[PDB]
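*Asks:* quick one: initial chain(s) of a complex, as found there:
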Amino acid sequence: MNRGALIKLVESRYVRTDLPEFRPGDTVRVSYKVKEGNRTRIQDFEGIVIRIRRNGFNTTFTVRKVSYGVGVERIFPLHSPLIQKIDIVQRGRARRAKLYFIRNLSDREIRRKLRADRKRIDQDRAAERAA
Amino acid sequence: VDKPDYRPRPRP
Amino acid sequence: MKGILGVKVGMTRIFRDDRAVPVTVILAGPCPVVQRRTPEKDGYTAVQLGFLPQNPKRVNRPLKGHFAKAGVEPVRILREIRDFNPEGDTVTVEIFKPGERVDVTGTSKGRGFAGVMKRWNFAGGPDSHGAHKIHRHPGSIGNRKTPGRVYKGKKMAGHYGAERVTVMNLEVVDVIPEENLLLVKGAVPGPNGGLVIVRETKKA
Amino acid sequence: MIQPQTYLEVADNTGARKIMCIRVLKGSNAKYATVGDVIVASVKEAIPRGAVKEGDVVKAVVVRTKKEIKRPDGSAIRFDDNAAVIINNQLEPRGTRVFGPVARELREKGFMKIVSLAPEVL
Amino acid sequence: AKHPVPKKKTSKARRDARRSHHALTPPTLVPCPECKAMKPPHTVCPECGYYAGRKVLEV
Amino acid sequence: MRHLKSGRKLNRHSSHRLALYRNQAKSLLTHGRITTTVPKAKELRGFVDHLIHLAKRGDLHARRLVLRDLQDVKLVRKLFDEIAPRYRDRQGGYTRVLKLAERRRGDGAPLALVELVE
């Protein structure tokens, strides 16, 4: 018996493979399927991902945004079926895995500490060049 | 209810 | 009443109708009946189920005897389900269809010698304002000269966990017969690798 | 996760700026209040000649919390503060504007007026 | 605390009852297949120095 | 509780315990065979095995890695040049533990030998 493989066997039906890779520090647009009575629509949540906590099918990522004067953090499961898509809007360069510290920084301070990740940006335009 | 001590507090 | 032996394998959430549902995966199948308890012979009705194959090098003669009289492979675990009499010679997860509610029994995790706070959710003592070495102590345990004793049953520190626990009316979320899995919604007593019993619920 | 003594930002133009919860109106003995729950609170800071003034004992519905709230779809949301909107006994906003985003859980809790007035619902 | 204390002297019967569990268990020993001397199992024989068939130790 | 926790405490705080295994490693790697108490012995295996595996790698990196625990260039040269080659084909198990038959007089401690393998 292999209890791990069993779990991954259960999870396998639900696993996504269509989402783009992003890192903590990247700026991201999550189009999420929302219910609002009595219809359902797509609401876009767009911000920096400050956390990606891994656990296989159970990885989840946290995105931070400041809307209308207030800071908002959203936790999304990486394989939720309620995410329509994710668009990478900017590669940001982190020097640590969790970016909790940007919560106390000015927008200007954040801007400095999260320089655009030129390398993975070049990679982004380097792919997308398709036949 | 407050009634008075009958025994002192124990000393060394 | 119907039931099956199984081991707890682990937990996850799956997605079902835009909802995350916490599940515990259980490997239940397959359980061979190795004896039936009958009113004319035993005075009550049940089925002794076997579970998990065993190295015959480890099974002794009185045990070998029992298995053979039932024409059954040597198994690691023997356990009864009461008032359950399957038509077959073998019980599998398929006796459970999704949507059914079940009762899961397992052996709880053992906390060993547990203080009165962990065990019985006592308040313990203050951590300041003069508290003297009593921060986790249970307080008074009685009265005075009347009754001059302590009640049988007084909640006190002592071993806690590693005991039979049944949680009831859990949903069967899915069942994967080709791998002998059962998917139950919520939490189940005990550690991974822990033997558990799964019975149809007694609630209505 | 709001309880008595908790300070809340007020997210409207009632004139209040800071309320301190003195009760969570939810059963015999609720320990915490979250998005969509109504509290009774004391006005601790106001601005001159508002509807409400310092000292008043008003009702409000929580619309933002710093402790993240969980959703049946497996997600969560969390705000920079704990905020509330002051209401009347009919659960109607006493102000005429509400500022900053509010939690979507308000809609299903029957605070449609406030949900509407909000600049964003997350 | 208030300094608890024995209320009554323990009887010869009762102290000895307490000690009904105090007997030593003799050392469990087995012959060393090399030199037939008696030693604890799963230890290197302290007489010839052999364990698992080979010489391991200078005794 | 202690549910599924790996690592003896050996009644030492963090830095003493670390020092303990290191000094043992220096002595094992030096004399090829030492005698300790059974618990230190069993715990010394993996600590040393890892160090031997790095010696089996041979690279400058792995040398600088081992130096963090062993600290002695000569001792490490012995490790890399004479010891590690003996294990080129052996897949783990570079150490063994066999229990002695007699306890310490002064405190009754059960003893064991730990040696590098052939």
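*Replies:* Received, thanks. Numbering: from 1, shown residues only, chains lettered A, B, ... in the order given.

*Asks:* secondary structure class for residue 89?
*Replies:* Let's take chain A. Per DSSP: H, G, I helix; E, B strand; the rest coil, the local secondary structure of residue A:89 is strand.

*Asks:* the intended chain is chain F.
*Replies:* Residue F:89 - assigned by three-state DSSP - is coil.

*Asks:* that one and residue F:63: what is the separation?
*Replies:* Relative to residue F:63, residue F:89 is positioned 21 Å away (C-beta to C-beta, to the nearest Å). Where C-beta positions appear, they are placed from N, C-alpha and C, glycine not excepted.

*Asks:* which residue packs closest to the closest residue to chain C within chain D, ignoring adjacent ones?
*Replies:* Going by C-beta to the nearest C-beta, chain C is nearest to residue D:74 of chain D, at 3.0 Å. Among residues not flanking residue D:74 along the chain, residue C:20 sits closest, at 3.0 Å (C-beta to C-beta, 6 or more residues apart in numbering or on different chains).

*Asks:* re the thing from before, hang on, isn't the residue of chain D closest to chain C packed against residue A:77?
*Replies:* Yes. Using C-beta atoms under 8 Å, residue D:74 is in contact with residue A:77, at 5.0 Å.

*Asks:* what touches both of those two?
*Replies:* residue C:20 (C-beta atoms under 8 Å, 6 or more residues apart in numbering or on different chains).

*Asks:* quick check, central residue of chain F?
*Replies:* The residue lying closest to the centre of chain F (C-alpha atoms, centre = their mean) is residue F:48, at 3.3 Å.

*Asks:* while you're at it, add RNA strand G from this line:
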RNA sequence: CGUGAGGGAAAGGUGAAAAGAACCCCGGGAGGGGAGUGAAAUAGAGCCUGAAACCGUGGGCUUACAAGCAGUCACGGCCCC
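*Replies:* One more chain to add, RNA strand G, which I have set with the ones above:
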């Protein structure tokens, strides 16, 4: 013991005679076992006599469904005479 004035104990007995145990044996030694001395050595120096509490070894009878100031009265079983 007290700075001091001052307070202030415990502790006797081998044998007639040292004849106070050569020598051998186990043991690092202490101790013991033989040999020897003696009327006597459980008079062997930790020595006359050697009570009692207290500790232990061996044997007889007895005890793990039972209620106690522990005894007493009766009967029965077992052991001994």
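
*Asks:* circling back to that earlier point, state the three-state secondary structure for the residue nearest to the centre of chain F.
*Replies:* Classified using three-state DSSP, residue F:48 is helix.

*Asks:* can I assume it is in contact with residue F:26?
*Replies:* No. With contacts counted by C-beta under 8 Å, residue F:48 stays clear of residue F:26, the gap being 9.9 Å.

*Asks:* returning to that earlier point: for the residue nearest to the centre of chain F, give its distance to chain E.
*Replies:* Going from residue F:48 to chain E by C-beta to the nearest C-beta, to the nearest Å gives 19 Å.

*Asks:* so who does that residue touch?
*Replies:* Neighbours of residue F:48 in contact, by C-beta under 8 Å, 6+ apart: F:24-25, F:28-29, F:94-95.

*Asks:* could you dump the residues you listed to JSON lines with secondary structure?
*Replies:* As requested, the contacts of residue F:48 are arranged in JSON lines below (three-state DSSP):
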{"residue": "F:24", "secondary structure": "helix"}
{"residue": "F:25", "secondary structure": "helix"}
{"residue": "F:28", "secondary structure": "helix"}
{"residue": "F:29", "secondary structure": "helix"}
{"residue": "F:94", "secondary structure": "coil"}
{"residue": "F:95", "secondary structure": "strand"}
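
*Asks:* OK, contacts around the residue of chain D found nearest chain A?
*Replies:* Using C-beta to the nearest C-beta, residue D:80 is the residue of chain D that sits closest to chain A, at 3.4 Å. Listed by C-beta under 8 Å, 6+ apart, the contact set of residue D:80 reads A:66, A:70-72, D:64, D:66.

*Asks:* okay, now RNA strand H:
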RNA sequence: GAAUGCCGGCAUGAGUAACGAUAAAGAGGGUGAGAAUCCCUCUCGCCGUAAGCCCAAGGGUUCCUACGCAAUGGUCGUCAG
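*Replies:* Alright, RNA strand H goes in next:
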């Protein structure tokens, strides 16, 4: 037979509390009847306006060697004030 009597002896509590700063230990090699504890080596840790050094009080051979391990040493002891 009692005086919370006096003197002494021996019990109970009990193989229990404790073994006196949480600066810290590990291995190898000696020695010896016997070694966690004595010597030597290497590694590790602690003090460094001290936990090092030098005076004065006070103590009085405790100093240095050799030979010892009954007792003293809170364990051990081959070591030692």
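
*Asks:* and the gap between the residue nearest to the centre of chain F and residue F:88?
*Replies:* From residue F:48 to residue F:88 the distance is 17 Å (C-beta to C-beta).

*Asks:* just the element for the closest residue to chain D within chain E, please.
*Replies:* Across chain E, no residue is closer to chain D than residue E:1, which sits at 37.2 Å (C-beta to the nearest C-beta). Here residue E:1, judged by DSSP states H and E, is contained in no helix and no strand.

*Asks:* in chain A, spot the strand with the most residues.
*Replies:* Of all segments of type strand in chain A, defined using DSSP state E, the longest is strand A:40-53.

*Asks:* and the helix or strand just after it, which strands flank it?
*Replies:* Counting by DSSP H and E, the next helix or strand C-terminal to strand A:40-53 is strand A:60-67. Strands that pair with strand A:60-67, judged by DSSP bridges, come out as strand A:40-53 (antiparallel), strand A:70-77 (antiparallel).

*Asks:* out of those strands, deepest packed?
*Replies:* The highest mean neighbour count among the strands paired with strand A:60-67, using mean count of other C-beta atoms under 10 Å in any protein chain shown, belongs to strand A:70-77: a mean of 21.

*Asks:* picking that back up, where's the residue of chain E closest to chain D relative to residue C:133, distance?
*Replies:* 10 Å.

*Asks:* more neighbours, these two?
*Replies:* The residue with more neighbours, out of residue E:1 and residue C:133, is residue C:133; 8 against 4, by other C-beta atoms under 10 Å in any protein chain shown.
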